[PDB]
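Below, in structure tokens: the form deposited in one PDB entry, a single chain.
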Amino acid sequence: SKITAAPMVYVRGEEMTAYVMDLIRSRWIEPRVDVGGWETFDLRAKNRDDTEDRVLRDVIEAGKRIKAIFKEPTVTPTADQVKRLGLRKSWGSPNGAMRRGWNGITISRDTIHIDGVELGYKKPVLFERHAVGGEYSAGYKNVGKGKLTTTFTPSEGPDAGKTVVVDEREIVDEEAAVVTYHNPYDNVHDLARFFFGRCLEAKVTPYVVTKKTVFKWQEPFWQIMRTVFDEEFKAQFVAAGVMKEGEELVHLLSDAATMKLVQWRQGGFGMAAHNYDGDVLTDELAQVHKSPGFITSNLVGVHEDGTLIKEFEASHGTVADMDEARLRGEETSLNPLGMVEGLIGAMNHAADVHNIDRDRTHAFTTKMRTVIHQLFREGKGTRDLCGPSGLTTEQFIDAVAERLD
């Protein structure tokens, strides 16, 4: 009998990655797995516009109920796409909304390692991206000349109820952006614990990455991480052989960290950073390693009731350059491994949390990984790995299908 898929949220996107995942669902999953328990949502920018984002609100609700989500890449539409797609409005990112809506703590993005496949980093690299805050949460306007005033009224402490000026400035340009955001730092305690725990288990040296010299408001990110490190982890790292006695936790400036990602080809390190810095640095990490096909991503959030909410995704976008080529009848070669690891993670988590066909799901998802890893080993991967002699998107999908059984 087909495997019974456990309840799981499936978020569909568009462009090349939706095309790829339709093939994978059709040729790898459905002949072996009954997916009736999946809740599938259409997060095409068009459908979001048609539903006034009710579909996004529904994904967020379902994630709370089900706790295991696979998220395909989605489009955050440009002004030019607003016209081409016939959207009544620009729409923001559905990723920020989900990350916020699930009380996101960390987006973990780690390098993939396959026995016998030489990649950019020799040993595992771990990345913890702060899942919320920063410019992803910003209010803004595009304006001309005028007065911009920011105030804060605390609700606790000796100055409760009194308003202070955070900033006031005259805009003297006919064209300017004015932007306000916050960084919520309470859950950076949780992030630090999670990050240092994983680094300890993988035996990699941790680094904290910020621009706190100039972006001085970021100081608590560093201070919280250092305090958690010193009080809960420093001794464990020394005892495990990962760091030496008297070796302090190291801070890197975000610009310098881009240099460390190129330089540190041995791997064997971890970085934690704010939301946007993590976005930039994890794409860089992907390309140094090989491509975004060789990175895993997952979000850890928390339900109001305290149970974890786990979303799994590729690190990358919808691969619009290959989509253009696809629609013109030209060859493409999208590496599905990143996305597939996400779907594996989500399916395994779903089966464990909801106690449905656990053994068989784990064996099947392990099999998908194995087959993919073996094709890569045999030089029958996609072109990101193998160069021009690699297989096309469709060739690779079929090669996996033949070996699954």
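Numbering starts at 1 and follows the sequence shown.
Although not depicted, the form deposited in another entry is the subject of the following passage.
Two rigid parts turn against each other between the shown form and the other one; the point where they join, the hinge, is 96 in the list 96, 366, 220, 268. Legend note: Cα of residue 201 to Cα of residue 362 is at least 3 Å closer in the other form than in the depicted form. Contraction of the residue 201-residue 350 CA spacing by 3 Å or more is recorded in the other form, set against this form.
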